[PDB]
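Undergrad: Sequence isn't available, so here's the structure alone:
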Ligand SMILES: O=C[C@H](O)COP(=O)(O)O
Ligand SMILES: [Mg+2]
């Protein structure tokens, strides 16, 4: 079966003996890539991560999430030092930490643009689906089934605040947890309204994330590779979503998981197993020989 293979754009399996780059570091999206559909790290994945640590391969999270919500989802692995959060690429790069927890990227959203996005979202009535991200906390204006759905997966609850409090907050992104029935339209509105102002990404299901226009996960990738004197040619990125496109296309070695869209897969060098098929275990096998 093809359940566990990694293939190039011609459908040919990638073989270790044909590689000419040692992979020293792997950057991976969390939900939809490392985590299976149940938001868990599979045992096969965990077993391969243990071996990657024994061999000195670095595994770095690159996510739209804050580090706080990551810790709530995979904390048990973090506590056992099996997955490191530092260094890490959070909020789609806008908050990227080195191993000392210093922000090597800190891309706050301009406050005029914040308020314009806010007023626009109230105008088109998606403000109720908004989760605003400060450095250390998230905020929403009300709770509904869509906010509920976001809390369940994110596993970290926003504080509920009044509308007029937003002006005082220093934010890095906003995430709209949208009903499925208005995703496609709302995405068109935001992209038309804020082109060359803000990144707009459909990252996961009906999530729409807006963050610093000149920042993405790949900017974080470059910073962390730089920190450890690792050429980009010895890095590998894997992902599934729109917010992974820049890091998949920016590295010579990248893997789009099988569950990714055709757009995301096209941006990647290789296509691997789905997130439910232990994608990073097979990546580690193919590229690092376990
Ligand atoms: O809520 C989860 C995120 O939208 C997906 O996270 P990721 O960037 O690690 O795939
Ligand atoms: Mg993802």
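TA: Yep, it's here. Numbers count the residues shown, from 1 in each chain. Ligands and ions are numbered 1, 2, ... in the order given.
Undergrad: Can you check my assumption that residue 175 lies in a strand?
TA: Yes - membership of residue 175 in a strand is supported by DSSP: H, G, I helix; E, B strand; the rest coil.
Undergrad: Next, count neighbours for it.
TA: Burial of residue 175 is recorded as 26 neighbouring residues (other CB atoms under 10 Å). Yep, even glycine has a C-beta here, placed from its N, CA and C like the rest.
Undergrad: can you pull up the bridge partners for it?
TA: residue 131, residue 209 (DSSP bridges).
Undergrad: Which single residue in the stretch 101-250 of the chain comes nearest to ligand 1?
TA: residue 204 (3.6 Å; CB to the nearest ligand atom).
Undergrad: if I look at that residue, how far off is residue 33?
TA: 10 Å (CB to CB, to the nearest Å).
Undergrad: do the same with residue 185
TA: Residue 185 is 27 Å from residue 33, by CB to CB.
Undergrad: Which one's more surrounded, the two?
TA: Using other CB under 10 Å, the more surrounded residue of residue 185 and residue 33 is residue 33, with 27 against 11.
Undergrad: Chain neighbours aside, what residue packs nearest to the more buried one?
TA: residue 240 (4.7 Å; CB to CB, 6 or more residues apart in numbering).
Undergrad: What of residue 280?
TA: residue 45 (5.3 Å).
Undergrad: Would you check that the one you found makes contact with residue 281?
TA: Yes - with contact defined as CB atoms under 8 Å, residue 45 reaches residue 281; the gap is 5.1 Å.
Undergrad: For those two, list the residues in contact with both.
TA: Both residue 45 and residue 281 lack any common contact, where contact means CB atoms under 8 Å, 6 or more residues apart in numbering.
Undergrad: thinking again about what came up before, what lies in contact with the strand or helix carrying the residue nearest to residue 280?
TA: In this assignment (DSSP states H and E), residue 45 forms part of helix 43-54. With CB under 8 Å, 6+ apart as the test, helix 43-54 has contacts from 26, 34, 41, 59, 77, 82-83, 278-281, 284-285, 288, 290.
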